[PDB]
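The first residue in the sequence is number 1, and the count goes up from there. These values consider heavy atoms only, across backbone and side chains, with no hydrogens, waters or symmetry-generated copies.
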Amino acid sequence: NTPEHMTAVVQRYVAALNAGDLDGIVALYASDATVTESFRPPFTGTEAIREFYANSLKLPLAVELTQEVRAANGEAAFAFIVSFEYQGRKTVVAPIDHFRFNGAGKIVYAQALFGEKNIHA
Ligand SMILES: C[C@H](CCC(=O)O)[C@H]1CC[C@H]2[C@@H]3CC[C@@H]4C[C@H](O)CC[C@]4(C)[C@H]3C[C@H](O)[C@]12C
Ligand SMILES: C[C@H](CCC(=O)O)[C@H]1CC[C@H]2[C@@H]3CC[C@@H]4C[C@H](O)CC[C@]4(C)[C@H]3C[C@H](O)[C@]12C
């Protein structure tokens, strides 16, 4: 996994969330990938990951990187914002994500870390 590829994957992830391209998001993940979101138990496998992002995309998510991606030794991490409006109220969440890649270049472990203080009205 080159740093260029892992960085491009982060970009394609951010772009697929923006397009609502659920297939495009899921295609980045290994069939047995595990995703850990703050405040929930982890979920594993294509079906669960697709269901998480489908429910997430019920919101009009606008996403963008806020710093350069960090990529080395089969892993990447990135800082970003997700903005949405729901029932007329605007929220911006600022996580840090971490992706771990398998030899085939697919995400096999992903984490989103965010707290109360990173959820802004
Ligand atoms: C309960 C709070 C509002 C609390 C508050 O305003 O103080 C709101 C804020 C964001 C809302 C969620 C946004 C995404 C989803 C939209 C769906 O159409 C209904 C379920 C979800 C999961 C909503 C559930 C719930 O309606 C939430 C969590
Ligand atoms: C879909 C992104 C990105 C996930 C990732 O990169 O791993 C995540 C990051 C922050 C997430 C939000 C955090 C606060 C809320 C938690 C609720 O229980 C469900 C709706 C909300 C509004 C979440 C919706 C969605 O799950 C978000 C917007």
Side-chain angles (χ1 to χ4, degrees):
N1 292 290
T2 63
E4 293 82 9
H5 165 81
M6 295 188 283
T7 298
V9 165
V10 173
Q11 285 159 344
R12 290 211 302 273
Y13 174 73
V14 170
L17 282 161
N18 279 323
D21 176 11
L22 179 58
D23 287 359
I25 295 165
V26 178
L28 306 173
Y29 291 83
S31 73
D32 59 345
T34 295
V35 177
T36 300
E37 302 286 313
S38 294
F39 304 107
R40 310 185 174 193
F43 48 98
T44 298
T46 314
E47 178 174 346
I49 292 169
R50 180 180 297 278
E51 186 168 9
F52 168 75
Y53 282 108
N55 280 292
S56 295
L57 288 172
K58 290 173 175 299
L59 294 171
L61 302 188
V63 188
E64 74 181 276
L65 296 175
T66 55
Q67 290 189 352
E68 61 205 67
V69 177
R70 281 64 163 194
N73 295 324
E75 300 178 26
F78 56 99
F80 64 111
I81 53 166
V82 179
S83 313
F84 64 87
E85 194 186 290
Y86 185 68
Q87 298 179 347
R89 299 185 121 236
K90 301 181 93 182
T91 295
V92 174
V93 186
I96 285 174
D97 277 17
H98 173 253
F99 291 166
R100 190 177 318 147
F101 296 81
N102 64 15
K106 293 302 175 183
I107 301 158
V108 63
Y109 295 93
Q111 183 170 9
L113 196 57
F114 54 93
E116 178 176 3
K117 281 284 289 153
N118 312 112
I119 296 167
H120 310 276

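A distance-only check finds no donor-acceptor pair linking the side chain of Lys90 to the backbone of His120 [under 3.5 Å]. Between the side chain of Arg70 and the main chain of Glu68, a donor-acceptor pair closer than 3.5 Å is present. Judged purely by atom type and a 3.5 angstrom limit, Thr7 has no side-chain atom pairing as donor or acceptor with the backbone of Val69. No side-chain donor-acceptor contact under 3.5 Å links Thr36 to the backbone of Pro42. For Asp32 (side chain) and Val108 (main-chain N/O), no donor-acceptor pair under 3.5 Å exists by modelled atom type.
Side-chain contact between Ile107 and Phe101: present, with at least one pair of heavy atoms (C-beta onward) separated by less than 4.5 Å. When side chains are defined from C-beta on, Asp23 counts as touching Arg50, because their heavy atoms get closer than 4.5 Å. Between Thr91 and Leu59, the closest side-chain pair of non-hydrogen atoms is not below 4.5 Å.
Linking ILVMFWY side-chain heavy atoms closer than 4.5 Å, directly or via other members, places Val82 and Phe39 in a single hydrophobic cluster. By the rule that hydrophobic residues join a cluster once side-chain heavy atoms approach within less than 4.5 Å of another member, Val14 and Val9 end up as members of one cluster. Taken together through direct or relayed side-chain contacts under 4.5 Å among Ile, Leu, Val, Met, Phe, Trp and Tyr, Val63 and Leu113 form parts of separate hydrophobic clusters.
Atom CD1 of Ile96 sits in a sparse spot, with 12 or fewer heavy atoms from other residues, nucleotides or ligands closer than 6.0 Å. No more than 12 heavy atoms of other residues, nucleotides or ligands shown are found within 6.0 angstrom of OH on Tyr109.
Atom CZ of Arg12 is separated from atom CG of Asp21 by 11.0 Å, given to the nearest 0.5 angstrom. Taken to the nearest 0.5 Å, the CG atom of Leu22 stands 11.0 Å off from the CD1 atom of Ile49. To the nearest 0.5 Å, the span separating CZ on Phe52 from CD on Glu37 amounts to 3.5 Å.
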Would you check, one step at a time, whether the test side chain to side chain contact (heavy atoms under 4.5 Å, CB included) holds for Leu57 with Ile25? CA-CA 11 Å; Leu57 288 172; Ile25 295 165; 4.1 Å; yes
Run the side chain to side chain contact (heavy atoms under 4.5 Å, CB included) check on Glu51 and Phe43 step by step: do they pass? CA-CA 10 Å; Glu51 186 168 9; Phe43 48 98; over 6 Å; no
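The side chain to side chain contact (heavy atoms under 4.5 Å, CB included) check on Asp97 picks up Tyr13, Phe78, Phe80, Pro95, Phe99, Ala112, with sequence neighbours excluded.
Ring geometry for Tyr29 versus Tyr53: interplanar angle of 30 to 60°, hence tilted.
Every pair passing side-chain hydrogen bond (donor to acceptor under 3.5 Å, both in side chains) that includes a residue from residues 72-85 is listed here, sequence neighbours excluded: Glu75-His98.
Side-chain contact of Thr46 with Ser31: a donor-acceptor pair under 3.5 Å is absent, judged by distance alone.
In terms of heavy atoms, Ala76 sits closest to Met6 at CB-CB, 4.3 Å. Shown here for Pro3 and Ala71, the closest heavy-atom pair between the two residues is CB-O, 3.7 Å.
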